[PDB]
Amino acid sequence: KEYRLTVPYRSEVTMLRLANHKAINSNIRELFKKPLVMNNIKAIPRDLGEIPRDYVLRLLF
Amino acid sequence: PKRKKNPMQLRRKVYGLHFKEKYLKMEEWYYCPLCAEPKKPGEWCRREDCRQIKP
Amino acid sequence: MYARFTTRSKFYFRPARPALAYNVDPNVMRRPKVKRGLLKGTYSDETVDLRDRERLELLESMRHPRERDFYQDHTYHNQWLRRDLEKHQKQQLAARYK
Amino acid sequence: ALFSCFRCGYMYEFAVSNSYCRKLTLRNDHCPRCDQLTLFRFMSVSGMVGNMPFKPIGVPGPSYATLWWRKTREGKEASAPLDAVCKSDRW
Amino acid sequence: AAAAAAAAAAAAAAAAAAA
Amino acid sequence: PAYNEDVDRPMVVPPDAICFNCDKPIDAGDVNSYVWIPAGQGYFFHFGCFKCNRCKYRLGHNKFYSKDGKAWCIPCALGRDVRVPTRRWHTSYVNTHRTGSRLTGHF
Amino acid sequence: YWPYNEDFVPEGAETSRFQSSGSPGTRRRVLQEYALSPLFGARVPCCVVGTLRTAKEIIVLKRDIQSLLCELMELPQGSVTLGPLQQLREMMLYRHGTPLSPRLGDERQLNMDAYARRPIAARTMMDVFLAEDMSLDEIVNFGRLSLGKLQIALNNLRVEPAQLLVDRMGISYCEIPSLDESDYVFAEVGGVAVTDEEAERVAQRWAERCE
Amino acid sequence: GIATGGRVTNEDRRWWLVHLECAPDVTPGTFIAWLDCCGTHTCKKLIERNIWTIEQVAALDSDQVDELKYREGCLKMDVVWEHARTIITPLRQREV
Amino acid sequence: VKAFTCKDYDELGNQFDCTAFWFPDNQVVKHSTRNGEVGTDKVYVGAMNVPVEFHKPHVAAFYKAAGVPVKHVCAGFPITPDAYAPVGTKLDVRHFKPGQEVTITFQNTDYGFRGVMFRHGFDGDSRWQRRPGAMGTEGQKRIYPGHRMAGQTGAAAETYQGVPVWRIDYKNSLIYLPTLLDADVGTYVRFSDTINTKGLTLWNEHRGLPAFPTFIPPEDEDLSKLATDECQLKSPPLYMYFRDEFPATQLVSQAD
Amino acid sequence: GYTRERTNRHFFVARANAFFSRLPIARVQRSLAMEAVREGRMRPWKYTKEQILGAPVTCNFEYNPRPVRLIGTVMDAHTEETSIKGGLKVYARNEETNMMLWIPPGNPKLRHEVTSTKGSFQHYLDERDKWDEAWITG
Amino acid sequence: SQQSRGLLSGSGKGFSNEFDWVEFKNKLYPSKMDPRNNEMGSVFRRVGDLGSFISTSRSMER
Amino acid sequence: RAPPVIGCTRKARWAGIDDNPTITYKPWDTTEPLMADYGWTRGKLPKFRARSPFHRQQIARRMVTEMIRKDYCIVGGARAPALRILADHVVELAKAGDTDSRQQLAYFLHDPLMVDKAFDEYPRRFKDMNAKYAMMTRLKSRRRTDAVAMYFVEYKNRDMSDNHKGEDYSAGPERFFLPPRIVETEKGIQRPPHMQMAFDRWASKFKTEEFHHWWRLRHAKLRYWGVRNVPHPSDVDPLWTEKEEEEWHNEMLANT
Amino acid sequence: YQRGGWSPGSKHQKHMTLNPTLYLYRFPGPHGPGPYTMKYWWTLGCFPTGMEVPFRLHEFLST
Amino acid sequence: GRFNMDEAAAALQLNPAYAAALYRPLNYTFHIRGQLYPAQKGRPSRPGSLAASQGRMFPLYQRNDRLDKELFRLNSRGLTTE
RNA sequence: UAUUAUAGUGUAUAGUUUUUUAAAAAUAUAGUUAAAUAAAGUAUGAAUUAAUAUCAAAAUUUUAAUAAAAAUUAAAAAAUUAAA
Ligand code: FES
Ligand SMILES: [Zn+2]
Ligand SMILES: [Zn+2]
Ligand SMILES: [Zn+2]
């Protein structure tokens, strides 16, 4: 019931926005906006490790 | 939705013209020269001869 | 041009026919046994009923596609409960096997 | 839209119409860098086929990434070595 | 009926997914 | 945002990507079940190997602490005694093939 | 919301001129010269022949029709020329007077005391021209002779070129249409009266350029 | 020009001659697409016939016009032919 | 027939959105009178020739009885006995004059069934007491016949009165009126001659006289021997000054 | 229903669109354009949008007492060939006034003349940008 | 005789046609389930790619 | 001066065209072959009912694709003229044969194979045909579902067509996945190898048994939903069997 | 709430509170089984409600 | 030889039944709760008809105890401790 | 057989497949200043309501509270849609 979806020639931006299927390389913004239980977007893995620590220490020095 | 209607009050509609046009109409037709079936002008079959020449 | 049509008082007002007191026809002993249909003028060379299994296919074809019948294979209420029959069915059973 | 080979990273541009909505995010194509049928991942949007009512053609607009890619592949510096080989306007 | 048809189609899709 | 543009850096997975913990190659052609983190440098983990190299348990916050080339969970790295998890032990809850990491990157 | 994008014209691209010169006086003078110039594609038709057949059938016989017409008009072979074959619109609702209207069998000047025209007798047309050096009187005489011969051929139909045209080629109509007087008598260009001396000078200049 | 109905007339010829002034840069060798009412189909068929210039189009003949307009599918080929015939001579004089 | 629309300009800088109406073969089709009553004389004029198969059987029968060539449309005009013309007469566009006043009767374009906002869209007293002396009133107990309400707006016989004529082209049989009609192309408009204006008479010695009863072209002239530009009659200016500016009396400064 | 709004009389229901082919509308309109050309209210023009866009035009409006003299560009042109149904847009820019005006051809008082034989699309683009900025600021 | 046959067994308008019911081997079917044509109103159209192979070049439906 | 009714105003469904000067706005280049606006005005194609303009575009694409796949298509209601006009536009694109035209048709249609088939056969099929490439017959049999007129939209010059030659559509084949009936006098024709291979691959899917299971499951689904005349999946029988397969294989070999 | 008779065969509307009822999808009327209920009888073997007791003794005797 | 699920399973060293279960809905091939249409359940033999059962009207959609136990349910021995 | 996934665990390319219709009103969504969607018709078929004679144009006058109750006067066609 949105104007963009109503447009005779659906735009590629709107098509990508609608492309929220639970598959590899699917839109992450729509999945995040969706409820946590509905989707499977888990916490972002980060490396709080020694090499990042050393890089930050070098930059600070 | 305020009071009951009587037979004449119901028959007013058949007195009218819209009722006759909607219900009491007779279709004019003829026998198709090809399939020899009842047919109304302007409407034809999907047979090859009917499509090519439209009776 | 147009077909004559007249709304039917029979459809407008159709009261139920009188019932029988004690299942008694008042003038059974006074009237002949002739069929009231024959003596009234209703006769049929070929009676057809669409409620029969033979005419079930004809009835289904006549019915419009858009009207849908849901419980074709299952049923809402459980049909394996020991329940009674209709009064006329019970009476027919008793008469058939008294 | 821009599609990049999953392994090679080679990028090619092709607008997607309404007939191919379910093939925008992912595609399968014969990548030139690798002579095999490989998966292609969506990276950026170029422009819709046709146009929305009562607006110019380019109103949806190519993405900045697509514009940068096109500039890199057809810009002044990029065209300089090739423009000498054959004037881009004619033969 | 306009939006109701779309709502029913979405519900049918969800039911098929969940079946 | 979605679909972090990768024009400047192609963001490709080399065939010889070695698991950050068990030091074994990753074959992305077969399946994408492995775990990839661009962090643009690049990190690769087997789904099983993502567990902490010391206590071999999952990561409560989904964050680890690389030590001696191996990923150690925050409790082990900080020195606090590892507390056994209840919901799950041997997994990581991370999403395969950068899907849990595609949120952050270069645009 | 502008109609033209920035790339509507290629960047750093020249554009061709769309008028002679910016000076209104010289622009008006050139306009006057061109307006007073004689028509170069004008050709008065000796006679418009017409057939009840279609162009896809008459194209094959077009050359034969030309030769037969040249023989009929008693002229040296190849002296006549045929204009483009023009097929008149198959109008469901007839509309007399339109250029693309199937010519009728007769005309009021032919049958004044008739309550209707005779049915269609030509669905394709082709103009016949003579050498441009031929005078107007000569052209009129040739057209009238051809029309009379064709009419006699049709009447006797109801060997000679007229009979061959009527029977083999199939042409069943011919006319001598009036002169195309739609041309403009430019007595003033750009609001400036065209003096007789100026008009004669322009005509002389055009004649000299043509010769 | 493009709106000419049925046959061409001296009015249309004079219109073409008048607009010759508004088209200065035109040369007898100009590409055929400049001709009024010359559609994409018509110019493609002329190129197939190897006709590439207004001079050649004017140099065409009635039989070629007929076979272009009634066998090649070209429409208003008579109109473009008349345009070229009426305009060639002024173009030649301009070129000289 | 309403031929087309264009824009023309006066001798001054006044622009008129002209509507060009085509006048096809016109002929006096019939003469009528209600038993000879004075003032009932009427002349029925045809509009355009038409095949035999085009009309209904009764219309074809009417034209056959008249003897006039079959016409697609036939209008009627009340006239005086002196204005009669014989049946079968040929009417030329020069029947009018470039600068006279014409009454235009036509059919408005059909807009279909529209609401009050579209038709009648803006978005007496019966009995009441002016003073507090007494109490007597009469309220509204129904809808009065005159009540702007939603309905079928569109096709309707409209009649513009006293539209000036602007240009006559008797070679193509066209008349240009400096106004725009709310009618579709092809509508058979009826032109009549306005009989008075501002307390004066359209035809008079001061202004001019018409081709009473109608215009009969001379014998020598032949319209087929004349070009389209040689057969046009332009009207004198309708306005007196340049309407962009003001008249010299109201103008601060004038150039002359 | 004390009144009626629709007429079903043959005279009004009839339409002559079928017979319209008997009268050439385009030829009549072109004849009117040629009459205007002869009278001098306008000169013939055969230009395309690419060719004309950006060309300088001088406008002399014969108002009183002092005729208005302006120099502008060509933002757009309605038609590509001489015709009464034409019109041309201009963007005149005086000392402190930026007026974009549509001028129709054939008007005896609004003598508009494209002073150059050609125009520059880059000039058109920059002038359009100037007009857009002025309009936004206003 | 042909006219009578057409009147009797002729496909009526609105019923007894290829759009009302379609007779399978011995059974009546709705037009959508007709196995003689996968027209736009046929259920067979909405099937495709059961799991064996793609089976069709078009990539929008089926 | 301004017209009486100002601005773009919607008129009745069947109303004439007036040349009054008004600012005309078009959503895009309607002159494009396959990009045509849908509306009830005379200049637009009829807009058959749809849930949205996007849905209408999808329906148009599906109809055109089906037409290309099998020239003949039966469509109900206002979509028949739209399908005919779209088929004519596709034929125009094919005759143009430009690479840009082919890319546009690829954008429009759903099947690149059908795009190639059209661009390969239609040029030679309609080389001699000027304007009308698709015919639209009206069927006297109305759809029982909603009682909507049905139209048989077909391509012309089937004899000149290469892959569709000798095809008679008076009655569909025994199975929808079998090759269409062939005229007796045209039984020896042979179709293009690529189209034949594509059709064979498409038919193998239905020849598979999992399709039979899907068919029985569809019987069950419709029975549950409410469709009345859906025989029980116990009584239903497979569409495809071994004896029928060999008989149809012999028929296909005979027809070639 | 209640407008007609309490029996299911009554025409006018009822309400759950006053006259609570079971979900009877389709059952015969006062004048005997109709074509629709008989179609259900022949296809499903019993009336769609299921509360009815199948009774085809007469059919058994006939056949 | 275009393509076959059994051929693909053999090439990949997989079970054809496992592939069929993968590419057909989970409820049909595994002991899981999912909607089943009433028609599929079947009916007994009526006077003019023979009996109907899932085992005859949908042989492929039947469940598979072997695969169900292999995939879903554990084996006691694999966890036995003592 | 309804707005509507019941989510515990858990995973991420199975296309895991039922939403009519050829316009309009109304209603809901959608280069001045501070244009889309929902039709009738075929088919199915409720609900509030129901003293009422085939009915109560209208005005005037009056009777015990709205008074189509009364009287006088007058002249009120039928059907369809919309409008409080
Ligand atoms: S045979 Fe009668 S409609 Fe074709
Ligand atoms: Zn690659
Ligand atoms: Zn590892
Ligand atoms: Zn740890």
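Just so it is clear, none of the values below were taken in a lab; they were calculated from the coordinates. Here Cβ is always computed from backbone atoms with ideal geometry, including for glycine, and neighbour counts include all displayed protein chains.
Please work out which one of (1) closer than 18 Å to L:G172 by Cα; (2) basic (K, R); (3) loosely packed, with under 15 Cβ neighbours inside 10 Å is the condition K:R45 fails and give its number.
Against the list (1) closer than 18 Å to L:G172 by Cα; (2) basic (K, R); (3) loosely packed, with under 15 Cβ neighbours inside 10 Å, K:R45 comes up short only on (3).
State all residues of segment I:29-75 that are outside any loop (DSSP other than H, G, I, E, B), surrounded by fewer than 17 Cβ atoms within 10 Å (Cβ to Cβ) and β-branched (V, I, T); if no residue qualifies, say none.
Matches in segment I:29-75: I:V59 only.
Residue by residue through segment F:70-88, note down the ones that are of a type in the set (K, R) and within 16 Å of ligand 3 (Cβ to nearest atom). Before the answer, list the steps.
Initially, segment F:70-88 is screened for residues of a type in the set (K, R), giving F:70, F:80, F:83, F:87-88.
Selection gives F:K70 alone.
Quick one: which of M:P33, M:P48 is facing chain C (nearest Cβ under 9 Å) and closer than 20 Å to C:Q92 by Cβ? Full working, then the answer.
Details: M:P48 fails: closer than 20 Å to C:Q92 by Cβ.
Step by step, each of M:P33, M:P48 is checked, and only M:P33 is facing chain C (nearest Cβ under 9 Å) and closer than 20 Å to C:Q92 by Cβ.
Which one of these is farther than 22 Å from M:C46 by Cβ and assigned to a loop (DSSP other than H, G, I, E, B): C:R82, C:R51, C:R14? Working first, answer last.
Numbers: C:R82 fails: farther than 22 Å from M:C46 by Cβ; C:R51 fails: farther than 22 Å from M:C46 by Cβ.
Testing whether each residue is farther than 22 Å from M:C46 by Cβ and assigned to a loop (DSSP other than H, G, I, E, B) leaves just C:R14.
What number of residues in segment A:24-48 are within 12 Å of the chain's Cα centre (by Cα) and not in a loop (DSSP other than H, G, I, E, B)?
Here is the first cut: in segment A:24-48, the ones within 12 Å of the chain's Cα centre (by Cα) are A:24-34, A:39-44.
Next cut, not in a loop (DSSP other than H, G, I, E, B) only: A:28-33.
Number satisfying all stated conditions: 6.
Could you figure out which of (1) surrounded by 14 or more Cβ atoms within 10 Å (Cβ to Cβ); (2) closer than 30 Å to J:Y124 by Cβ isn't true of G:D7?
For G:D7, the exception is condition (1).
Could you list, in sequence order, all residues of segment F:40-69 that are in contact with a helix residue (DSSP H, G or I) (Cβ under 7 Å, 6 or more places away or on another chain), within 16 Å of ligand 3 (Cβ to nearest atom) and not charged (D, E, K, R)?
If the condition is that a residue be in contact with a helix residue (DSSP H, G or I) (Cβ under 7 Å, 6 or more places away or on another chain), within 16 Å of ligand 3 (Cβ to nearest atom) and not charged (D, E, K, R), then F:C52, F:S66 are the ones that fit.
Where the second residue is away from ligand 3 (no atom under 16 Å from the Cβ) and assigned to a helix (DSSP H, G or I) and the first is within 17 Å of N:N27 (Cα to Cα) and within 14 Å of chain N (Cβ to nearest Cβ) and lies in segment E:7-19, which pairs have Cβ atoms under 8 Å and are six or more apart or on separate chains?
E:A19/N:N27
So which residues in segment L:154-170 are within 12 Å of chain B (Cβ to nearest Cβ) and not in a strand (DSSP E or B)? Show your work before the answer.
Just the residues of segment L:154-170 that are within 12 Å of chain B (Cβ to nearest Cβ), to begin with: L:154-156, L:158-159, L:166-170.
Listed by number, the residues that qualify are L:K156, L:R158, L:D159, L:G166, L:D168, L:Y169, L:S170.
Please enumerate the residues belonging to chain B that are closer than 30 Å to L:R158 by Cα and either among the small types (G, A, S) or over 22 Å from the mean Cα position of the chain (by Cα) (or both).
Kept after step one, since they are closer than 30 Å to L:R158 by Cα, are these residues of chain B: B:31-55.
If the condition is that a residue be closer than 30 Å to L:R158 by Cα and either among the small types (G, A, S) or over 22 Å from the mean Cα position of the chain (by Cα) (or both), then B:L34, B:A36, B:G42, B:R47, B:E48, B:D49, B:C50, B:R51, B:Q52, B:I53 are the ones that fit.
Of these, L:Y133, L:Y151, which one is closer than 21 Å to L:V64 by Cβ and more than 12 Å from chain B (Cβ to nearest Cβ)? I'd like the intermediate steps shown before the answer.
Working: L:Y151 fails: more than 12 Å from chain B (Cβ to nearest Cβ).
Answer to the check: L:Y133.
For segment J:50-69, how many residues meet the condition of being among the aromatic types (F, W, Y) and crowded, with 17+ Cβ neighbours inside 10 Å?
Residues of segment J:50-69 that are among the aromatic types (F, W, Y), as a first pass: J:61, J:63.
If we keep only those that are crowded, with 17+ Cβ neighbours inside 10 Å too, we end up with J:61.
Here the count works out to 1.
Here's the yes/no breakdown for (1) away from ligand 1 (no atom under 16 Å from the Cβ); (2) more than 24 Å from F:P1 (Cβ to Cβ); (3) of a type in the set (V, I, T); (4) within 11 Å of chain A (Cβ to nearest Cβ):
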| residue | (1), (2), (3), (4) |
| --- | --- |
| F:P25 | yes, yes, no, no |
| F:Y34 | yes, yes, no, no |
| F:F50 | yes, yes, no, yes |
| F:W89 | yes, yes, no, no |
| F:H97 | yes, no, no, yes |
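When N:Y61 is evaluated against the numbered criteria (1) more than 10 Å from chain L (Cβ to nearest Cβ); (2) outside any helix (DSSP H, G or I); (3) not small (G, A, S), which criterion, by number, is the only one it fails?
(1)
Filter segment F:66-91 down to the residues that are assigned to a loop (DSSP other than H, G, I, E, B) and either in contact with a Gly (Cβ under 7 Å, 6 or more places away or on another chain) or hydrophobic (A, V, I, L, M, F, W, C) (or both) and list them by number. Full working, then the answer.
Within segment F:66-91, the first condition is being assigned to a loop (DSSP other than H, G, I, E, B), and the residues that meet it are F:68-69, F:79-91.
Within segment F:66-91, F:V82, F:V84, F:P85, F:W89 qualify.
Which ones in segment I:160-184 are aliphatic (A, V, I, L, M) and out of contact with any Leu (no Cβ under 6 Å at 6 or more places or on another chain)? Outline the logic, then answer.
Here is the first cut: in segment I:160-184, the residues aliphatic (A, V, I, L, M) are I:163, I:165, I:168, I:174-175, I:177, I:180-181, I:183.
Those that are aliphatic (A, V, I, L, M) and out of contact with any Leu (no Cβ under 6 Å at 6 or more places or on another chain): I:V165, I:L174, I:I175, I:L177, I:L180, I:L181, I:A183.
Would you point out which residue out of F:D8, F:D30 is in contact with a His (Cβ under 8 Å, 6 or more places away or on another chain) and away from chain A (no Cβ under 14 Å)? Show your work before the answer.
Values: F:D30 fails: in contact with a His (Cβ under 8 Å, 6 or more places away or on another chain).
From the options F:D8, F:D30, the qualifying one is F:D8.
Pick out the one residue from J:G106, J:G72, J:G138 that is surrounded by 20 or more Cβ atoms within 10 Å (Cβ to Cβ) and farther than 30 Å from G:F186 by Cα. Steps first, answer last, please.
On the way: J:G106 fails: farther than 30 Å from G:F186 by Cα; J:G138 fails: surrounded by 20 or more Cβ atoms within 10 Å (Cβ to Cβ).
Step by step, each of J:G106, J:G72, J:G138 is checked, and only J:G72 is surrounded by 20 or more Cβ atoms within 10 Å (Cβ to Cβ) and farther than 30 Å from G:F186 by Cα.
Please list, ordered by first then second residue, the pairs with beta carbon atoms under 8 Å, 6 or more apart or interchain, first in segment D:16-42 and closer than 19 Å to L:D111 by Cα and away from ligand 1 (no atom under 16 Å from the Cβ), second assigned to a helix (DSSP H, G or I) and hydroxyl-bearing (S, T, Y).
D:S17/L:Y107; D:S19/L:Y107
Any residue at all in segment H:76-87 that's within 8 Å of chain G (Cβ to nearest Cβ), β-branched (V, I, T) and surrounded by 18 or more Cβ atoms within 10 Å (Cβ to Cβ)?
There is at least one residue in segment H:76-87 that is within 8 Å of chain G (Cβ to nearest Cβ), β-branched (V, I, T) and surrounded by 18 or more Cβ atoms within 10 Å (Cβ to Cβ).
Within segment I:214-256, how many residues turn out to be within 19 Å of I:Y176 (Cβ to Cβ) and aromatic (F, W, Y)?
2
Among the numbered criteria (1) buried (at least 20 other Cβ atoms within 10 Å of the Cβ); (2) assigned to a helix (DSSP H, G or I), which single criterion is violated by A:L59?
Among (1) buried (at least 20 other Cβ atoms within 10 Å of the Cβ); (2) assigned to a helix (DSSP H, G or I), the lone unmet condition for A:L59 is (1).
Mind listing just one residue for me: the one in segment H:45-69 that is buried (at least 22 other Cβ atoms within 10 Å of the Cβ) and not hydrophobic (A, V, I, L, M, F, W, C) and, of those, nearest to the other protein chains (Cβ to nearest Cβ)? Step through it out loud before you land on a result.
From segment H:45-69, those buried (at least 22 other Cβ atoms within 10 Å of the Cβ) are H:46, H:54, H:57-58, H:66, H:68-69; that's our starting set.
Next, only the ones that are not hydrophobic (A, V, I, L, M, F, W, C) stay: H:66, H:69.
Values: H:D66: 5, H:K69: 7 Å.
Out of the qualifying residues, it is H:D66.
Just the residues that are within 11 Å of ligand 2 (Cβ to nearest atom), more than 13 Å from the chain's Cα centre (by Cα), within 10 Å of another protein chain (Cβ to nearest Cβ) and closer than 21 Å to A:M15 by Cα, please, taken from segment D:2-43.
If the condition is that a residue be within 11 Å of ligand 2 (Cβ to nearest atom), more than 13 Å from the chain's Cα centre (by Cα), within 10 Å of another protein chain (Cβ to nearest Cβ) and closer than 21 Å to A:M15 by Cα, then D:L39 is the only one that fits.
For segment J:2-11, does any single residue satisfy the condition of being crowded, with 17+ Cβ neighbours inside 10 Å, among the β-branched types (V, I, T) and more than 7 Å from every other protein chain (Cβ to nearest Cβ)?
Here is the first cut: in segment J:2-11, the residues crowded, with 17+ Cβ neighbours inside 10 Å are J:11.
Still in the list and also among the β-branched types (V, I, T): none.
No, because not a single residue in segment J:2-11 is crowded, with 17+ Cβ neighbours inside 10 Å, among the β-branched types (V, I, T) and more than 7 Å from every other protein chain (Cβ to nearest Cβ).
Those residues that are surrounded by 18 or more Cβ atoms within 10 Å (Cβ to Cβ), assigned to a loop (DSSP other than H, G, I, E, B) and more than 13 Å from the chain's Cα centre (by Cα), I need them from segment H:5-23; list them, please. Before you say what the answer is, go through the steps one by one.
Narrowing segment H:5-23 to residues surrounded by 18 or more Cβ atoms within 10 Å (Cβ to Cβ): H:7-23.
Remaining after also requiring assigned to a loop (DSSP other than H, G, I, E, B): H:7-9, H:23.
Of everything in segment H:5-23, those that are surrounded by 18 or more Cβ atoms within 10 Å (Cβ to Cβ), assigned to a loop (DSSP other than H, G, I, E, B) and more than 13 Å from the chain's Cα centre (by Cα) turn out to be H:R7, H:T9, H:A23.
Would you mind finding the one in D:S63, D:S79, D:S46, D:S88 that is more than 11 Å from chain F (Cβ to nearest Cβ), under 30 Å from K:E61 (Cβ atoms) and more than 16 Å from RNA strand O (Cβ to nearest atom)?
Details: D:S63 fails: more than 11 Å from chain F (Cβ to nearest Cβ); D:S79 fails: under 30 Å from K:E61 (Cβ atoms); D:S88 fails: under 30 Å from K:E61 (Cβ atoms).
Result: D:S46 is the single residue among D:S63, D:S79, D:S46, D:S88 that is more than 11 Å from chain F (Cβ to nearest Cβ), under 30 Å from K:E61 (Cβ atoms) and more than 16 Å from RNA strand O (Cβ to nearest atom).
Among the residues in segment L:199-209, are any surrounded by 18 or more Cβ atoms within 10 Å (Cβ to Cβ) and part of a loop (DSSP other than H, G, I, E, B)?
Yes, segment L:199-209 contains at least one residue that is surrounded by 18 or more Cβ atoms within 10 Å (Cβ to Cβ) and part of a loop (DSSP other than H, G, I, E, B).
When the residues of segment F:13-48 are narrowed to those that are farther than 23 Å from A:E50 by Cα and of a type in the set (G, A, S), which ends up farthest from ligand 2 (Cβ to nearest atom)?
Applying the filter and picking the extreme gives F:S33.
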